[PDB]
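Architecture and fold: a report
As a plain string of letters, each chain reads:
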Amino acid sequence: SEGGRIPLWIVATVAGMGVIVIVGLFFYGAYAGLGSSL
Amino acid sequence: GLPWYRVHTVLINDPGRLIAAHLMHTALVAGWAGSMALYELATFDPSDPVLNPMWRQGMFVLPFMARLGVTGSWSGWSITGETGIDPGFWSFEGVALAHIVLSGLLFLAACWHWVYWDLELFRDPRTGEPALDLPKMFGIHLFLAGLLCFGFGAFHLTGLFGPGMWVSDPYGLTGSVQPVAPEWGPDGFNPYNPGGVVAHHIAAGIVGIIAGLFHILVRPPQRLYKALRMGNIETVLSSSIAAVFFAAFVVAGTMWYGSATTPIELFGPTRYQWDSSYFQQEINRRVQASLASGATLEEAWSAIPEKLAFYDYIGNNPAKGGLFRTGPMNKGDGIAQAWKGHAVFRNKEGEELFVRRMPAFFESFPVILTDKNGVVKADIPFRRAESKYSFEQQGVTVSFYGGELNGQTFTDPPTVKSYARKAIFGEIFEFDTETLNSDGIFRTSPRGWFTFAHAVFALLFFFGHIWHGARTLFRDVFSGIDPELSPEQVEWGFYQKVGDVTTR
Amino acid sequence: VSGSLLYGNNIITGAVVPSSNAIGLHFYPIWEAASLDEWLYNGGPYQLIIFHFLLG
Amino acid sequence: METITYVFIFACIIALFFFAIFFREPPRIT
Amino acid sequence: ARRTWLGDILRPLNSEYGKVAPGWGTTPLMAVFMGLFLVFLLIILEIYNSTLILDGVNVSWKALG
Amino acid sequence: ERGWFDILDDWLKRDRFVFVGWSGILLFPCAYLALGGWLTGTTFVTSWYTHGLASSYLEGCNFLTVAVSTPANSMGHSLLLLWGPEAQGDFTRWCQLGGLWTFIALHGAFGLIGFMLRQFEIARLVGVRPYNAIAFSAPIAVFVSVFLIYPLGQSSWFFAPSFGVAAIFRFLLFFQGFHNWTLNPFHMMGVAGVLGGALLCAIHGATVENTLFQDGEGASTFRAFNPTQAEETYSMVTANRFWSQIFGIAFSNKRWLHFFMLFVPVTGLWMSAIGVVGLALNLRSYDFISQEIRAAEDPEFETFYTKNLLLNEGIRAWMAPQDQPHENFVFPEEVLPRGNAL
Amino acid sequence: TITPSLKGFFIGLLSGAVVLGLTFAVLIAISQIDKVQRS
Amino acid sequence: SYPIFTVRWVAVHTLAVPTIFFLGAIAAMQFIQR
Amino acid sequence: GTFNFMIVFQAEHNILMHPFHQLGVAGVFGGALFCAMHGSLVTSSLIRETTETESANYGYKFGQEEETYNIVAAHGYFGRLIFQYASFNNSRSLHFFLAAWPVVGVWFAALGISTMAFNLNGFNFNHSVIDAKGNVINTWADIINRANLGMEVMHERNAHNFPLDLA
Amino acid sequence: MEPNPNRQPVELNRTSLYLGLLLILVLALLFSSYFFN
Amino acid sequence: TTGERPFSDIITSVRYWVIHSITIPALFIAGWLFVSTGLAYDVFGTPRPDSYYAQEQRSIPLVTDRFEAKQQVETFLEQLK
Ligand code: CLA
Ligand code: CLA
Ligand code: CLA
Ligand code: CLA
Ligand code: CLA
Ligand SMILES: CCCCCCCCCCCCCCCC(=O)OC[C@H](COP(=O)(O)OC[C@@H](O)CO)OC(=O)CCCCCCCCCCCCCCC
Ligand SMILES: CC1=C(/C=C/C(C)=C/C=C/C(C)=C/C=C/C=C(C)/C=C/C=C(C)/C=C/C2=C(C)CCCC2(C)C)C(C)(C)CCC1
Ligand SMILES: CC1=C(/C=C/C(C)=C/C=C/C(C)=C/C=C/C=C(C)/C=C/C=C(C)/C=C/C2=C(C)CCCC2(C)C)C(C)(C)CCC1
Ligand SMILES: [Ca+2]
Ligand SMILES: [Ca+2]
Ligand SMILES: [Cl-]
Ligand SMILES: [Cl-]
Ligand SMILES: [Fe+2]
Ligand SMILES: [Mg+2]
């Protein structure tokens with residue numbers, strides 16, 4: 001409820017890490033399964 | 001002083017000189033129409049409506065005269081190929097002369113209106129300031145447009161008092177000017193039904209009369225008067241430009257796709273008739289009907305009108321030109337003289353082979369022959385070292401049916417190849433390339449040139465509309481924004497409603 | 001390959017044409033040619049131009 | 001004639017550069 | 001400003017500059033005609049486009065004969 | 001006057017995080033659907049039945065190769081409405097027939113109208129001149145000429161650009177091989193306006209940043225500016241002297257400078273649009289006739305112009321059978337144009 | 001006769017009128033509930 | 001002190017809601033084998 | 001000759017599919033966009049200093065101390081066009097962005113050419129999508145490939161004696 | 001005749017002359033090849 | 001400011017994260033299952049890897065008729081046995 005409880009630098013670091021993971025998965029998928037040329 | 005791009009703004013508060021400038025513009029346009037018709041008459045060859053019609057000759061205004069019933073010359077010829085006709089005054093020449101005289105009269109009127117600009121008529125009786133009551137002017141002009149539209153439809157197009165309009169069969173073989181009765185059913189909205197054009201003008205005409213009376217008699221609502229700035233002549237410019245670009249896109253579309261008002265005998269065939277082999281299908285139908293009735297192959301093909309075969313040739317497709325390839329279609333492939341006849345290709349085994357036709361997209365196209373099921377049987381190879389389908393290997397021959405080569409067969413590979421190269425263009429014709437020093441490169445017809453100019457001008461007029469609409473609605477700030485503009489009028493949350501000071 | 005106006009080009013087709021593939025990356029100043037006629041055949045102007053231009 | 005035309009237009013543009021630079025209206029602080 | 005015979009005759013036709021009907025006046029009626037016109041254009045467009053296909057309405061050069 | 005219209009007007013024009021306006025009623029649904037349709041198609045939808053291509057993440061494409069592809073050529077210029085005679089209300093079949101293409105193009109077009117109306121509406125409320133809306137006419141002329149007029153002049157929507165990265169690249173190369181579009185002076189003016197605009201953007205940004213007045217003590221100079229300050233933040237006089245001495249000429253009038261920055265890229269885009277209107281009709285700048293007459297008679301005459309046409313002929317022959325599947329092209333190996341070895 | 005595509009046309013027309021009708025109903029409603037404060 | 005359901009709230013969710021749904025879909029796709 | 005260079009470059013490097021050229025395009029399209037944007041916004045907020053019968057340009061005098069437009073009104077406009085925080089209220093920041101966007105993009109364009117110079121080429125997804133049997137399912141990448149092949153086989157038609165074009 | 005009060009003088013400054021001549025000359029240099037064809 | 005709660009307030013609050021540690025994963029999983037169940041293929045009509053061609057077929061199922069296009073696709077789908 002109260003604004004400030006979870007520091008913005010943590011929210012950014014976690015969200016940013018979330019983006020890296022998902023994009024990373026998409027790059028993994030370029031080399032495996034459909035679209036891999038194999 | 002005024003920048004160069006603003007010189008004509010001196011007319012905004014001068015109704016008399018605006019009328020003068022409009023008169024001058026009208027004089028120039030009518031003078032263009034007259035001059036253009038004269039130049040076309042000085043260059044037009046009326047001797048062959050079949051293989052040298054107006055649309056092969058770069059005629060632009062001639063088809064518009066023809067569309068509405070002007071078909072003959074004082075010199076005795078008609079565009080349908082008649083001789084010894086008397087067109088009366090309203091020949092192509094009479095039309096041209098009428099436009100030149102009109103030009104002159106409008107020029108003189110312009111001089112009068114320029115000199116005598118300060119007429120009491122143009123002054124608001126209450127303020128003594130120049131003023132035009134545009135809402136009432138609109139009703140008056142709309143009423144007049146309505147009457148003219150109605151009369152054009154009810155008298156000219158019907159033939160009731162007038163010549164009618166150009167009409168033809170589905171294959172543009174027997175076109176002429178005919179009276180046309182209005183079509184009042186749903187087929188009136190079919191672009192290819194001439195009766196719909198007649199019904200349009202009668203009906204929209206009546207509607208224009210009624211709406212005109214309304215606009216004469218009923219004042220604009222205060223709310224619309226203020227919103228559209230109806231005291232400012234520039235609002236009319238903005239909306240008129242919008243109407244004009246709409247109309248221009250429409251005439252571009254109906255020129256390109258074809259309609260009852262863009263007949264193929266006046267403007268040439270469409271690109272879509274090539275795409276769908278429209279003429280080839282009809283030609284084949286007619287040949288099959290001839291064969292079914294007992295005709296020989298030579299007789300069946302000899303019964304095909306040269307005019308029909310000519311439509312089945314890519315040189316007449318308007319999507320085969322170039323932007324800087326100037327002039328008449330005749331300047332390209334040449335002046336068409338005669339159909340060579342239908343070429344039938346056969347291999348050594350005697351199977352009929354079919355040349356793959358060039359689609360409009362392609363400036364150049366290979367020569368590939370298939371059997372009736374699309375299997376490749378012969379071609380002209382690029383690399384020869386592994387060729388398997390050469391005309392030499394497959395013993396390809398060509399025999400002609402109908403036209404000038406009727407009954408002839410060629411077996412020598414150079415000649416057979418030559419005809420195969422032409423067969424990619426569809427039906428094969430003899431051309432005079434000498435008379436005009438034709439260069440062999442395809443040009444578009446008046447159908448293509450019209451469509452281009454009108455789509456382009458339409459798009460540019462969209463900018464004109466945006467610009468003048470902007471000037472109208474933002475007249476107050478067009479020399480700049482308020483120097484005393486308060487930062488609070490643009491700072492967020494200060495007013496509840498953007499720009500409204502009563503909502504602090 | 002013709003690049004110049006007087007040899008059949010317009011503004012759109014015209015060019016100063018790159019030096020010969022036989023030269024490769026070899027430095028080909030005027031004085032390395034036996035004559036101006038040779039220099040021109042082998043695309044010497046291209047090297048003179050692009051080297052002075054890049055420096056400039 | 002084409003070559004003359006192209007070179008003529010180019011030469012006019014070069015002359016224009018000269019005038020636009022050395023014979024410009026001078027910028028003045030008011 | 002100059003008076004003329006024809007100017008005097010036409011004077012009433014250019015004497016009501018600025019004259020308005022109160023408020024919204026005929027705006028709602030206008031709106032209905034605009035709506036009907038939009039539908040009309042949509043109909044003619046969709047016919048030309050072969051998205052609306054009607055009996056006895058053959059959108060083709062072969063419309064009749 | 002205080003009816004529902006004015007009350008609605010009040011609410012529409014409230015100063016909120018995302019301004020709405022009357023224009024918002026057109027803009028927001030059309031833009032949302034255009035974007036949503038693109039994301040939906042590129043994620044889930046095939047082009048197997050219209051093009052013989054995979055085009056979605058679902059099928060294994062990546063961000064570069066996904067597209068919402070144009071309908072089959074046989075559809076012509078069908079509006080391809082969901083409830084139209086082709087799809088007949090079937091959402092699945094509609095997707096397979098390329099319905100999402102006209103969906104995106106048409107909502108896109110109405111959305112762009114909405115955006116420009118938004119530019120006008122906001123300018124009017126804030127009390128500024130509407131030059132931003134005027135400038136936006138260039139994006140609109142491009143969208144309309146390329147995505148609407150071009151395919152309308154061609155056989156069908158099939159030949160419009162498909163909405164995709166690689167698909168757009170295909171569209172560029174098609175225009176080279178078929179239209180020789182690089183040779184077109186309207187495209188050339190477009191290029192000059194785009195590159196000239198990018199030049200003006202860079203040079204003006206750099207000039208301002210390098211003629212700044214020292215208005216703070218900080219070595220990072222951004223804080224030394226105040227929105228409400230009366231004074232110019234940089235020296236026009238010093239900037240003018242610099243460019244006069246470097247390049248020979250320089251701006252001296254800031255109003256002219258900024259108008260020119262509107263004029264150049266806007267005019268460029270408008271020029272390119274005109275050329276594309278010609279290409280709708282195959283009205284190309286494909287050839288120089290004098291060049292061809294000479295080269296036909298003289299087998300030693302060669303220019304970069306003749307060289308590029310050979311490239312075009314290769315593009316056409318090599319790409320057409322797969323790029324234009326409705327034509328059922330079969331080009332035997334022996335007819336394919338090729339130079340030595342390759 | 002009402003062809004299948006004319007029936008389709010009516011459906012499109014109805015669907016459009018509903019979307020626009022419901023959109024304006026909702027916006028008018030919200031505008032009435034959430035009036036701007038003046039004076 | 002602050003409203004929750006605003007025009008801004010709606011705008012945000014019209015984008016964010018499908019985005020997360022789509023990202024889950026695309027993540028699943030990475031495990032599809034022919 | 002420039003167009004010749006471009007077409008052959010596409011054949012040999014698939015430059016269109018290279019991210020540095022894509023950044024270049026973002027650089028110049030964006031440069032033009034921001035050029036038009038900045039032009040239009042400054043022009044939109046010029047302070048009234050002239051009458052309608054004269055160019056508004058006369059409203060600015062070379063070397064004047066006061067700014068000639070209202071940046072607060074400009075930001076007020078553009079911040080509402082998108083949303084407040086997507087608009088610049090700091091002229092130094094705005095002008096830095098104007099410098100940086102095209103310059104960085106064009107640096108990447110230059111580096112695209114300069115690295116394809118050593119044959120590190122655009123993305124190659126030729127036959128990347130394959131069905132359950134092993135049939136190639138073309139994507140737009142494969143259609144690009146067909147265009148590229150046309151360029152490749154035709155360029156310098158008498159210069160190659162051996163099957164691979166290695167430089 | 002009594003003079004027209006709507007008359008305005010017209011101006012083209014030198015810079016505008018130079019800009020205009022450049023536009024025209026460069027357009028001519030661009031389009032000339034196509035006019036000759 | 002325009003009256004809405006600052007984003008930085010919202011996304012640093014406990015309540016936002018109580019709500020969104022549910023709704024975000026829920027949406028993501030729903031998206032996942034939309035694909036993993038195969039429903040996506042069915043909704044959009046996208047071929048599965050085994051459904052581009054019949055076993056011996058190498059011809060693309062190209063739509064060639066505007067008004068019978070629906071039936072053509074249906075016929076193409078039937079031929080996958
Ligand atoms: C029974 C009476 C009757 C009949 C039989 C007709 C018959 C006809 N009318 Mg008329 N009409 C009538 C009464 C009638 N009308 C009345 C009472 C009015 C009110 C005054 C009108 C007003 C009217 C208008 C405004 C038009 C017609 C048109 C037509 C023709 C339609 C076929 C066609 O070619 O469309 C072709 C035109 C269209 C299919 C309309 C296109 C609409 C576009 C798509 C709207 C968007 C425009 C925008 C600028 C496009 C930008 C994007 C683009 C560049 C991609 C046909 C001759 C049309 C015409 O003149 O055709 C030649 C037309 O535009 N009529
Ligand atoms: C709607 C306009 C229009 C159309 C469609 C036509 C159509 C036609 N005419 Mg007519 N004509 C017209 C108006 C038109 N004319 C006018 C106004 C005149 C008086 C000049 C003429 C005088 C005329 C003559 C004397 C002849 C024709 C002929 C022809 C045919 C060949 C056309 C051709 O080769 O064009 C070529 C078109 C081009 C090369 C395109 C020009 C594009 C310009 C140069 C672009 C300019 C760009 C601009 C400067 C950029 C500014 C940028 C800036 C804003 C930054 C064709 C049927 C020929 C015919 O065969 O007669 C029987 C013929 O001999 N016409
Ligand atoms: C009916 C159509 C129409 C009319 C009556 C006007 C009238 C006006 N315009 Mg608008 N405008 C239009 C359409 C029209 N415009 C279109 C289609 C566009 C986009 C191309 C514009 C874009 C536009 C801009 C950007 C401006 C105007 C301005 C003006 C005003 C001053 C014009 C002037 O002094 O120029 C003087 C022109 C010259 C001295 C030479 C022009 C030479 C042209 C570019 C090339 C040659 C043209 C050729 C002779 C014409 C052939 C006819 C053509 C239809 C084929 C005046 C009220 C100005 C304004 O608002 O002032 C406050 C202004 O800044 N117009
Ligand atoms: C302002 C927002 C807006 C606009 C301008 C459009 C515009 C368009 N839509 Mg989109 N759409 C929208 C919002 C919008 N939509 C929303 C919110 C949704 C989610 C429901 C959709 C979902 C959607 C789908 C699924 C499709 C479209 C399609 C279309 C196109 C054809 C629409 C049509 O023919 O309507 C015709 C109807 C009108 C123009 C309304 C007329 C209203 C008049 C004035 C009143 C008369 C009606 C009367 C009361 C009815 C009596 C009839 C009686 C005789 C039986 C066009 C581009 C189609 C398309 O893109 O195909 C490629 C399509 O398939 N839309
Ligand atoms: C980018 C497009 C665009 C923009 C930004 C403007 C902007 C402007 N217009 Mg112009 N206008 C346009 C295109 C545009 N117009 C088109 C294509 C036409 C038809 C010819 C017009 C006709 C026009 C007139 C007659 C007038 C204006 C005026 C104005 C001004 C006031 C705002 C207004 O009236 O909007 C008008 C509203 C719109 C453009 C939005 C229309 C949205 C439609 C109804 C949605 C239709 C959905 C459709 C039915 C779905 C089916 C699709 C089908 C393909 C299946 C402003 C300068 C007025 C002005 O100048 O006052 C001084 C004025 O009098 N406009
Ligand atoms: C620090 C990162 C450096 C990145 C590369 C350089 C970018 C900036 C240079 C552009 C030159 C423009 C012409 C001069 C324009 C000019 O004169 O600039 C002036 C401007 C302000 O000057 P100041 O003097 O205030 O500050 C610089 C120093 O004096 C230290 O205070 O300089 C900067 O803002 C530098 C910012 C560095 C941090 C910016 C990083 C942004 C790039 C991020 C990279 C992402 C790309 C990914 C691709 C997908
Ligand atoms: C006075 C008089 C007279 C007479 C008259 C006359 C003689 C006339 C005329 C006239 C004329 C004779 C005219 C004309 C005209 C023209 C024109 C007006 C034109 C134009 C043009 C243009 C505008 C163009 C353009 C262009 C170009 C150039 C190129 C390409 C593009 C374009 C198309 C854009 C008379 C005895 C009756 C009587 C009374 C008096
Ligand atoms: C079509 C349609 C519709 C609709 C729909 C929609 C509206 C949708 C939506 C949707 C959506 C709305 C979606 C989405 C999404 C998304 C996504 C998928 C995303 C993503 C992303 C990403 C992946 C990112 C990344 C990145 C970037 C770009 C930047 C920087 C970095 C990175 C790399 C991080 C309807 C029903 C009416 C009807 C019919 C049709
Ligand atoms: Ca000769
Ligand atoms: Ca498997
Ligand atoms: Cl080469
Ligand atoms: Cl080699
Ligand atoms: Fe600036
Ligand atoms: Mg994968």
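Residues numbered from 1 in each chain as written, not as in the entry; some residues may be left out. Chains lettered and ligands numbered in written order. Part of a larger assembly, values for the part shown. Heavy atoms only, no water.

- What the deposited record gives as its method is X-ray crystallography, and the resolution it gives is 5.5 Å.

- This structure appears in the PDB under the title "Serial Time resolved crystallography of Photosystem II using a femtosecond X-ray laser. The S state after two flashes (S3)".
- Its UniProt record gives chain G the following Subcellular location comment, quoted word for word: "Cellular thylakoid membrane". (UniProt positions renumbered as here; feature names shortened; annotations may be inferred.)

- The name that the PDB entry assigns to chain F is Photosystem II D2 protein, with the source organism given as Thermosynechococcus elongatus.
- The annotation that UniProt attaches to chain F under Catalytic activity is "2 a plastoquinone + 4 hnu + 2 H2O = 2 a plastoquinol + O2".
- What UniProt records for chain F under Subcellular location is the sentence "Cellular thylakoid membrane".

Focus: the coordination of the magnesium atom of ligand 3
- Donation to the magnesium atom of ligand 3 from the protein comes from one atom only, B:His468 (NE2), at 2.2 Å.
- Within the fold, B:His468 resides in helix 15 (residues 446-473). (Donors = N, O, S within 2.8 Å, 3.2 Å for Na, K, Ca; no water. Helix = DSSP H or I, 4+ residues; strand = E, 2+ residues; numbered from the N terminus.)

What to know about the site of ligand 5
- The environment of ligand 5 is made up of 21 residues, and the closest members are B:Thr235, B:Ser238, B:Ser239, B:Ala242 and B:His465.
- At ligand 5, the nearby residues belong to more than one chain, namely chains B, E and F.
- B:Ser238 is positioned such that a nitrogen or oxygen atom in its side chain is 2.6 Å from an oxygen atom of ligand 5.
- One of the side-chain nitrogen or oxygen atoms of B:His465 is found 3.1 Å away from a nitrogen atom of ligand 5.
- Within the shell around ligand 5, the residues separate by chemical class into 15 nonpolar, six polar and no charged. (Near = heavy atom within 4 Å. Polar contact = N/O pair within 3.5 Å; in protein donor to acceptor, adjacent residues only side chain to side chain. Nonpolar A, V, L, I, M, F, W, Y, C, P; charged D, E, K, R; others polar.)

Overview of the coordination of the magnesium ion (ligand 14)
Residue and element names in this part refer to chain A.
- Taken together, the protein ligands of the magnesium ion (ligand 14) are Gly29 (O), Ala32 (O) and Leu34 (O), with distances of 2.2 to 2.4 Å.
- Of note, the magnesium ion (ligand 14) draws all its donor residues from one chain, in the sequence arrangement G-x2-A-x1-L.
- The class of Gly29 is buried, set by a relative accessible area of 5%. (Buried < 20%, exposed > 50% of the residue type's maximum accessible area, 1.4 Å probe, protein only.)

Observations regarding helix 3 (residues 71-81) of chain I
- Counting buried residues in helix 3 of chain I gives eleven out of eleven residues, a clear majority hidden from the surface.
- Those residues of helix 3 of chain I that sit buried are I:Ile71, I:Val72, I:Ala73, I:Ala74, I:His75, I:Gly76, I:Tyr77, I:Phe78, I:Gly79, I:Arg80 and I:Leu81.
- Considering only its buried residues, helix 3 of chain I is in contact with helix 4 (99-126) and helix 5 (131-153) of chain F together with helix 2 (19-44) and helix 4 (91-116) of chain I.
- If you check the start of helix 3 of chain I, you find a side-chain oxygen 2.9 Å away from the backbone N of I:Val72, and it comes from I:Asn70. (Contact = heavy atoms within 4.5 Å.)

Some remarks on unusual backbone geometry
- A positive phi angle, near 75 degrees, is found at A:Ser37, a position not held by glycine.
- For A:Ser37, a relative accessible area of 39% corresponds to the partly exposed category.
- The phi angle at F:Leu80 is positive, at roughly 50 degrees, despite the residue not being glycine.
- With respect to the helices, strands and loops of the structure, F:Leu80 is situated in the loop between strand 1 (67-68) and helix 3 (91-96).
- Its relative accessible area of 1% is what places F:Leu80 among the buried residues.

A word on the site of ligand 2
- Near ligand 2, the surroundings consist of 21 residues, among which B:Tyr39, B:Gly58, B:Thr326, B:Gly327 and B:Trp449 are the closest.
- Chain contributions to the surroundings of ligand 2 come from chains B, F and J.
- Side-chain polar atom of B:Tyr39 to an oxygen atom of ligand 2: 2.8 Å apart, as the coordinates give it.
- One nitrogen or oxygen atom from the main chain of B:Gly327 is found 2.9 Å from an oxygen atom belonging to ligand 2.
- Mapped by element, the contributors of at least two residues to the shell around ligand 2 are helix 1 (15-43) and helix 15 of chain B, helix 9 (254-279) of chain F together with helix 1 (14-36) of chain J.
- Per-element accounting of the shell around ligand 2 gives the leading share, four residues, to helix 15 of chain B.
- Considered class by class, the residues forming the shell around ligand 2 number 15 nonpolar, six polar and no charged.
- Counting only domains with at least three residues in the shell around ligand 2, you end up with domain 1 (1-270 + 444-504) and domain 2 (271-443) of chain B. (Domains from an automatic or database assignment.)

A few points about the interface of chain I and chain F
- Counting residues at the interface gives 89 residues for chain I, matched by 96 residues for chain F.
- Overall, the association of chain I and chain F removes approximately 8300 Å² of surface from exposure, summing both partners, and the carbon and sulfur fraction of that is 69%.
- It is I:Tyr77, I:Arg92 and I:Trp140 that lose the most area in chain I upon contact with chain F, and together they represent 12% of the buried surface on that side.
- The tally of links between chain I and chain F comes to four salt bridges.
- Note that F:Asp215 and I:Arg92 form a salt bridge whose closest N and O atoms lie 3.6 Å from each other.
- For the interface between chain I and chain F, the tally reads 31 residue pairs in polar contact.
- If you list the elements that add at least two residues to the side of chain I that touches chain F, you get helix 1 (2-13), helix 2, helix 3, helix 4 and helix 5 (140-154) of chain I.
- The biggest single contributor to the side of chain I that touches chain F is helix 2 of chain I, with 17 residues.
- Per-class residue counts for the side of chain I that touches chain F are 48 nonpolar, 30 polar and eleven charged. (Buried area = accessible area lost by both parts, 1.4 Å probe. Salt bridge = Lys/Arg side-chain N within 4 Å of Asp/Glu carboxyl O.)

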